[PDB]
């Protein structure tokens, strides 16, 4: 690769990709992508894309790599190759205040009179249909649209990857929601690239091992997952 590293993501998975107040795209994966560019001695470009355009975009060479906090699922892994996992994740729940009472398991929210909302075409959806099966399930176009349904009284509860939930609790959720943080799925996230390229994978993996033993990774992880400065966009 010469010139520039084109990375496609979709903004809105806090704290991985979000849109600035200035409209600039920032986050863990964005910093991850600057490092990669640097370590490759090459220019970074981001291409923003909707979740559903990510894999075809990659497969079609709209970009070279995906770094969107994407679950290494066996389905998707048939269309692209995944680098090794750089963070490990699972789905928790955000609930309206009050229905959290006496819940010992997620399983007793799997009730027919309850409405569960996530975003369409994502891990949590697939989790939701595997996990629940009683509760009504509705899906939406964004993480934001979806938690709004429960915030505004339209839904009872919201499911998503755990770090979106804890980012959210910090920025808006503390007062009005409750986070049931017990993880419900084992979801490694890796970067995806298109098949037929083992040389890239070699490079990507080593470059992952480096930052994980460099102290570089742990800084970024501190920045986006423990620290709270970032929250003023």
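Positions refer to the first chain, counted from 1.
Undergrad: State which stretch shows the higher mean Cα B factor in the entry: 163 to 171 or 65 to 73.
TA: Comparing averages over the C-alpha atoms only gives 163 to 171.
Undergrad: Could you check which stretch, 55 to 63 or 35 to 43, carries the larger mean CA temperature factor in the entry?
TA: For C-alpha atoms only, the mean B-factor is higher in 35 to 43.
Undergrad: Would you mind finding, among 144, 99, 83, 80, the residue with the largest C-alpha temperature factor in the entry?
TA: The record points to 99.
Undergrad: Check where residue 18 lands among this chain's C-alpha B-factors and tell me if it's the lowest, middle or highest third.
TA: Residue 18: CA B-factor falls in the highest third of its chain.
Undergrad: Could you look up the Cα B-factor of residue 119 in the entry and say which third of the chain it sits in: lowest, middle or highest?
TA: Tercile = lowest for this residue's CA B-factor.
Undergrad: By its CA B factor, does residue 93 count among the lowest, middle or highest third of the modelled residues in the chain?
TA: Ranked within chain, residue 93 CA B lands in the middle tercile.
Undergrad: Sorting by Cα B-factor within the chain, modelled residues only, which third would residue 223 end up in: lowest, middle or highest?
TA: Answer is highest: the recorded C-alpha B-factor places it there.
Undergrad: Please place residue 193 in the lowest, middle or highest third of its chain by C-alpha B factor as given in the entry.
TA: Ranked within chain, residue 193 CA B lands in the lowest tercile.
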